[PDB]
Amino acid sequence: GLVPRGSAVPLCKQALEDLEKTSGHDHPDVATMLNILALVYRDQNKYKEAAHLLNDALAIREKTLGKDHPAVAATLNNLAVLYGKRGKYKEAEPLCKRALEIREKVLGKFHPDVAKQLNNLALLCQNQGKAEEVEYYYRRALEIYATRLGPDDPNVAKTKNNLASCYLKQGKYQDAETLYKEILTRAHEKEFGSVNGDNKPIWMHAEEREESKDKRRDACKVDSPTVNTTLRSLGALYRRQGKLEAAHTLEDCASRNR
Amino acid sequence: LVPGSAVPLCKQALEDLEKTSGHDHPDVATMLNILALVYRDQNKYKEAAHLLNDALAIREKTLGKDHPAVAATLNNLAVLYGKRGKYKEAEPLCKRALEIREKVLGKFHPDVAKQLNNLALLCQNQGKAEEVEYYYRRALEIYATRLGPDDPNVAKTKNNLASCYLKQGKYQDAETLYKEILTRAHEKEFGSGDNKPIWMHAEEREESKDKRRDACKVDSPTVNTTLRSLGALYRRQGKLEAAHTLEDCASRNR
Amino acid sequence: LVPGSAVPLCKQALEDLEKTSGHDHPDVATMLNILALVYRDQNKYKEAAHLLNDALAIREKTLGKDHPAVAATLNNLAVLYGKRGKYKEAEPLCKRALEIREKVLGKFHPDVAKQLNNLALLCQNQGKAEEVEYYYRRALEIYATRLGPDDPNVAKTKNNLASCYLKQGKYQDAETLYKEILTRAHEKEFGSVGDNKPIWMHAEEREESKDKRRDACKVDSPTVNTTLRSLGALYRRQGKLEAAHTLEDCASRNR
Amino acid sequence: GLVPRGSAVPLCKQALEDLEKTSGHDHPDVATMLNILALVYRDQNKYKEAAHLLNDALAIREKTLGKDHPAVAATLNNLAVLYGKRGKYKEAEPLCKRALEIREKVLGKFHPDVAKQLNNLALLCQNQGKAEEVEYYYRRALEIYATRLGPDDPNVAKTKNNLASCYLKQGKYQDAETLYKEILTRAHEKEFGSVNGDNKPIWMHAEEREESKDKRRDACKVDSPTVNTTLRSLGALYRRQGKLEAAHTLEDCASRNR
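Protein chains in written order, with PDB author numbering: chain F, 210 to 427, 440 to 479; chain H, 211 to 213, 215 to 403, 406 to 427, 440 to 479; chain D, 211 to 213, 215 to 404, 406 to 427, 440 to 479; chain B, 210 to 427, 440 to 479.
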């Protein structure tokens, strides 16, 4: 709460009433002031009050700027976020979906900011338990990240981890496994290059030690908070499959990078 | 959270108040504070801190050196200074806020703890390990008492204090803290010889030389971290099989 | 006096000083003052005054409430306030600058007069005629004494006080002042007076002798001309049109 | 003197040396900082020192921006001003004359800003006693003011007064007299609109009262600082010509508007 709880709201309301007297209600400057006031309310963790005003700012902006304006998308985003903070994910979704459409129209389907929007829509659907759809938006986002940015951009593996987790919820263990192994293979193929036959990724060592049931733990160097997550998540998969030694390989590898 | 046209419109509102009330008025300080909030939304932290320092100047002259609203401003300014890596400069301002908060609310009001937490964090980024130590301890004292012994904040602060010890090579003192946390969580559900914590089982599983690998009923995100941190300490000590007990337990709660 | 880009470049210099010395340092207050100067060059008096107030805040905490560099800041801030037409808020700042200046330099140091002159001008734009009166008299007191009785500033201040009297309907008090300036100027050239007579004496006697005849003329100064016409205006008010003509023709003959 | 006499120069010098180390000496930012430093010196009435730095700022700007850039015109104009403040009018003139050539090129011959530049050159030449050149520049300025702005713009009469004064120094009494009469005929008819024959300008009344052996001492509703100046100046002309009653008409008219 950067602004103290007293006097911020009434002083903003004055500044607002003053702008309304100059230009009338349907003016971009009123929408902007309504937006500043929403920012003040959000600073006090008053999400419902901020969303109510942002809705009023939204209607002004749709009229004066057009239903396809970038600032109309910015307002729909913020609104969805505010509904999300209240657990109102169902009613947030269409406003998020509407923001995506303007965003796609203005910037182009493959713009890195469309990727952020898609990521938010997937998140909204996830809190609703709509897995079919979480899956759709994460793929779309991954498609942008992996292509419009380098394949080893930090968002690639992050989105891949989120999508693998979505798969697990659906019981698509194969598709999750493949994703985790892609992240680990990519990271192994980045510090090294070709596999010499013994230049194997960690997960091949893991499964091969399960093959000869090796009760011994005593590949490491690969380091990232996201890769560590991948290492433990594939390890959780191996646990379900009853491959404890495999899990141990990846889990003990994760511990050494902590 | 905001969409140009924001700063300029605020600057009008400020001028209109200044016109009415004069510069030295709480409402002008507030409006500068509002304008700082807009700047911070645009990620302009130097500009935001400058305006908050202007708000501070007014509030000092109008409300007094020891006013609650002055403490809030000094704290917010310190947050902003911290965000630009100006930890050395934020420190005096954070100490000043603490003095006020202690005077106004008492030494042991929960809001003091959160202030003490920031002080610790401000010293850590400067590498003042001894002062971090003091501040976290001061915070823990309030958390473990004014809220329950098994409050989320208690275990968080104990991990944070433990990491501080780790940087000083006080492995003993860090160890003790992790055990306290786990022993509490094992005692929150049982407890309290007939009933041994996991770390005890772990160390007994090296005492018996038990290579056969893979109490395991604790559920908390903070406790997982604790388990992996103590296992890290066993690794340093060479007690690799003791590490596995706590780490496999963590994996099983993930 | 300068060509954009100046403010941004200054803000870097300012940030570099804060980085080195912290916010509460004289050099930061100075750089803010320098940045105020740049803003004032671009006619941005609001932004200039704001930065000077920031400089003031620093100099107060670092140098003290009574430091000469604070007085300079308070005065400069007041000038800028006045330029935006906020004379009410400029007044307290100006008074404080006077208190510091009196303390540090003495009551009667020439630099106090110019500060008293600002106060007078500041009170005038508010219409506080009694205050204006006090300040100009206080300033005159320093001018007529410290510098020579017939120093440029003495006649300037007498006219300014006389104009103040005119707004209050103190026509008689204004009249006296103009005659003082004219009698002094008639003494600096001719000597101790008669039958050396100042022009205003001849003028009123020309009215006294009902003479409508028309064109003493050895009094040269831009300030004296103003005085001649100002006293002529007073005679016009009184009805003494022939007395007015005498002083106004003398001014015309020195133009 | 808005900046305190101490430390302001060293701190600027620091800022400058920092810029020189980042972008080299021949960078516009160095020229701008040299300019800021010149502003600081001017605030302390150190004209010679401010001019020296501005000269260095000019050299950088001529090379980096080109010898015809508006900022080169601004620096030349600022430099002539400073020379003028030291009474160095001869050496100021070419620089001020160069600013005019750049200004004419960039804005066009009849831009109101060219009218101000011409006015400055006229001022420089006047301080030198070069009355033939003063005349040429005031005419050029008047030509712009009277056409690019309304005929009864404040600068029209101001420039006409300046030009009439220039004429008096040369002994061109008739040309001065004509100018004064134009300003008063303009203002008289701006008050009325049409001359009925009874509706005469003040100076016609002045010369007619001089004609008829008239006594005769006291149309005067024309209020302006620059018109009173015109009234007293034409009055001085009448005095010169021995027409005292005519002088008195205009002089008593100016007294009524004081």
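Heads up, the beta-carbon is just placed ideally off N, CA and C, and yes, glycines get one too.
Item                                                                                                               : Value
Span separating the alpha-carbon of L316 of chain B from that of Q326 of chain B                                   : 12 Å
Buried versus exposed, by CB contacts within 10 Å (16 or more), residue 163 of chain H                             : As displayed, chain H neither begins before 211 nor continues past 479, which places residue 163 of chain H out of reach and without an answer.
Within chain D, partners of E300 of chain H - CB distance below 8 Å                                                : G233 and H234
CA-to-CA distance, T241 of chain F to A475 of chain B, given in whole angstroms                                    : 56 Å
Counted within 10 angstroms of its Cβ, other Cβ atoms place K230 of chain B as buried (16 or more) or exposed      : exposed
Chain D contacts from the stretch 281-314 of chain H (Cβ-Cβ distance under 8 Å)                                    : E300
Cutoff 6 Å; reference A289 of chain F; Cβ partners in own chain excluding five residues on either side             : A301, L304 and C305
Cα-Cα separation between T450 of chain D and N370 of chain D, rounded to whole angstroms                           : 8 Å
Anticipated Cβ contact below 8 Å, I411 of chain B with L471 of chain B, distance rounded                           : 6 Å
Under 8 Å between C-beta atoms of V365 of chain F and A396 of chain F                                              : no
Assumed close pair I269 of chain D, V239 of chain D - CB separation to whole angstroms, cut-off 8 Å                : 6 Å
Closer than 8 Å to chain F by CB, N370 of chain H                                                                  : no
Inter-residue Cα distance where the pair is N287 of chain H and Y292 of chain D                                    : 30 Å
Beta-carbon proximity check, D423 of chain H vs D473 of chain H, cutoff 8 Å                                        : no
Distance CB(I392 of chain H)-CB(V343 of chain H) smaller than 8 Å                                                  : no
Proximity of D227 of chain D and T273 of chain D at Cβ, strictly below 8 Å                                         : no
C-beta neighbour in chain D for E472 of chain B, strict 8 Å                                                        : yes
Members of the stretch 264-282 of chain H near chain D, C-beta cut-off 8 Å                                         : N264, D265 and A268
Where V212 of chain D sits in the DSSP three-state scheme                                                          : coil
Chain F within 8 Å of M242 of chain H, Cβ atoms only                                                               : yes
Simplified DSSP state of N328 of chain F, which is helix, strand or coil                                           : helix
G359 of chain H (DSSP reduced to helix, strand or coil)                                                            : coil
Within chain F, the residues that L458 of chain H reaches when beta carbons sit closer than 9 Å                    : Chain F residues near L458 of chain H: none, gap ~11 Å exceeds 9 Å.
Contacts of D227 of chain D in chain B (Cβ-Cβ under 9 Å)                                                           : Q223, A224 and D227
Test item: CB-CB of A282 of chain D and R312 of chain D under 8 Å                                                  : yes
Interface positions of the stretch 245-256 of chain F facing chain H (Cβ-Cβ less than 8 Å), listed along the chain : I245, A247, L248, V249, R251 and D252
Cutoff 6 Å; reference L262 of chain F; Cβ partners in own chain excluding five residues on either side             : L243, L246 and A247
Closer than 8 Å to chain F by CB, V443 of chain H                                                                  : no
8 Å Cβ cutoff, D407 of chain H in contact with chain F                                                             : no
Three-state secondary structure (DSSP) of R418 of chain D                                                          : helix
Residue environment, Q335 of chain B, which counts as buried when at least 16 other CB atoms sit within 10 Å       : buried
Chain F residues whose Cβ lies nearer than 9 Å to that of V212 of chain H                                          : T241, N244, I245, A247, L248, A283 and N287
Check whether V212 of chain F and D252 of chain F have beta carbons under 8 Å apart                                : yes
Nearest candidate by alpha-carbon position, reference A308 of chain H, set H:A385, H:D322 and H:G402               : H:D322
Cβ-heavy atom distance, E400 of chain H to the ligand FAD, below 7 Å                                               : The ligand FAD is absent from the structure shown, which contains no ligand whatsoever.
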